[PDB]
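Note sheet for the following structure.
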Amino acid sequence: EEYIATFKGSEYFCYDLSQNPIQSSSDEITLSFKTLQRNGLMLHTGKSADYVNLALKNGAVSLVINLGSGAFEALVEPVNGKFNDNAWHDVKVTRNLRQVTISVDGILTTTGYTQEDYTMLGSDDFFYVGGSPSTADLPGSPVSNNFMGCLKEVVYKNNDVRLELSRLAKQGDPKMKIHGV
Ligand SMILES: [Ca+2]
């Protein structure tokens with residue numbers, strides 16, 4: 001059973017981190033996405049200088065991460081055809097301390113490091129999936145559009161926690177809320 005959610009441009013999931021803050025020196029994020037749109041927020045967590053932002057930005061997969069001492073921005077461009085071709089594309093983001101790697105469809109990979117010395121991502125805000133109350137204003141966001149398309153199997157995990165966000169949205173949770181205009 002996969003857990004697939006459809007977004008139409010005015011919707012998002014919102015997982016409440018206030019009582020179980022993210023405090024992570026190494027993370028992984030996986031999902032698959034399907035869309036016809038060039039721009040859209042896939043996922044975000046964090047405020048101020050600690051954040052992770054994942055989005056399609058003019059057809060490329062865009063990831064911006066900051067651990068509090070300066071952001072890294074990774075773009076993955078398509079090679080043959082397009083990511084917004086309404087076929088499923090798998091995303092994987094792996095971070096160990098400051099080392100960041102994102103791969104799309106296994107093969108297409110951009111790797112780098114967040115700036116300077118900070119290794120810890122802190123977030124007691126919300127984990128957003130598919131959009132947010134005001135996407136343009138999210139730290140590190142290159143887009144203002146919520147997602148319009150499908151997202152499945154969204155998982156954030158570190159050594160302490162595993163957040164099966166797509167499963168939680170589908171199955172229900174006290175900390176999980178679905179918003180639609
Ligand atoms: Ca930090």
Side-chain angles (χ1 to χ4, degrees), residues 12-33 39-58 60-77 90-104 108-147 151 153-169 173-179:
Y12 63 88
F13 308 149
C14 188
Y15 187 81
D16 179 356
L17 296 170
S18 63
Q19 303 199 65
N20 313 265
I22 284 172
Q23 276 185 80
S24 169
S25 63
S26 85
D27 292 315
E28 182 178 301
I29 293 174
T30 52
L31 56 76
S32 302
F33 73 87
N39 301 290
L41 188 75
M42 301 183 204
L43 102 205
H44 179 90
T45 188
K47 289 194 178 168
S48 301
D50 283 57
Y51 49 88
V52 181
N53 186 97
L54 187 66
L56 211 68
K57 163 50 179 201
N58 192 30
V61 181
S62 163
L63 171 76
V64 185
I65 304 196
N66 191 342
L67 309 177
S69 63
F72 173 51
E73 296 141 52
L75 197 78
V76 179
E77 297 168 31
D90 313 311
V91 177
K92 177 168 172 168
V93 184
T94 295
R95 174 195 149 243
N96 183 59
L97 313 174
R98 303 164 44 244
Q99 190 182 40
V100 179
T101 300
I102 179 168
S103 295
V104 188
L108 306 162
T109 302
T110 297
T111 191
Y113 294 80
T114 52
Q115 299 180 44
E116 305 184 355
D117 55 338
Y118 282 15
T119 63
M120 278 265 185
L121 172 76
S123 178
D124 71 348
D125 197 49
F126 293 96
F127 224 117
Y128 295 110
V129 180
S132 75
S134 171
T135 288
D137 297 314
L138 289 174
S141 179
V143 302
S144 61
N145 295 286
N146 299 148
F147 207 69
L151 302 173
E153 303 296 277
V154 183
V155 178
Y156 168 88
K157 56 145 163 180
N158 55 47
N159 196 30
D160 294 323
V161 83
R162 176 185 184 83
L163 300 181
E164 290 179 350
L165 297 171
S166 289
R167 178 188 67 82
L168 292 166
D173 197 81
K175 307 173 189 172
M176 175 58 74
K177 300 297 180 234
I178 300 171
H179 303 265

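Whatever order the structure lists them in is the order used to number ligands and atoms, beginning at 1. Residue numbers count from 1 along this sequence.
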Open item on the list: Give me the number of protein N, O or S atoms whose distance to the Ca ion (ligand 1) is under 3.0 Å.
Closed with: 3
- [ ] Please say whether more than 12 non-hydrogen atoms of neighbouring residues, nucleotides or ligands are located less than 6.0 Å from CD in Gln115.
- [x] yes
Task: Rounded distance [0.5 Å steps], CG in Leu97 versus CG in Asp27 - done: 10.5 Å
TODO: Indicate yes or no for a side-chain donor-acceptor contact from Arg98 to the backbone of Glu116 under 3.5 Å, with no hydrogens or angles considered.
DONE: yes
Open item on the list: If you take the centroid of each ring, where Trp contributes its six-membered ring, are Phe127 and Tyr156 closer together than 6.0 Å?
Closed with: yes
Open item on the list: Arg95 and side chain to side chain contact (heavy atoms under 4.5 Å, CB included): which single residue from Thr101, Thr114, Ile29, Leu67 fits?
Closed with: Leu67
Between side-chain atoms of residues 46-53 and protein atoms elsewhere (two or more places apart, or another chain), which donor-acceptor pairs fall under 3.5 Å?
{"unit_1": "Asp50", "atom_1": "OD2", "unit_2": "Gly122", "atom_2": "N", "d": "3.0"}
{"unit_1": "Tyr51", "atom_1": "OH", "unit_2": "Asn66", "atom_2": "ND2", "d": "3.3"}
{"unit_1": "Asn53", "atom_1": "OD1", "unit_2": "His44", "atom_2": "ND1", "d": "3.2"}

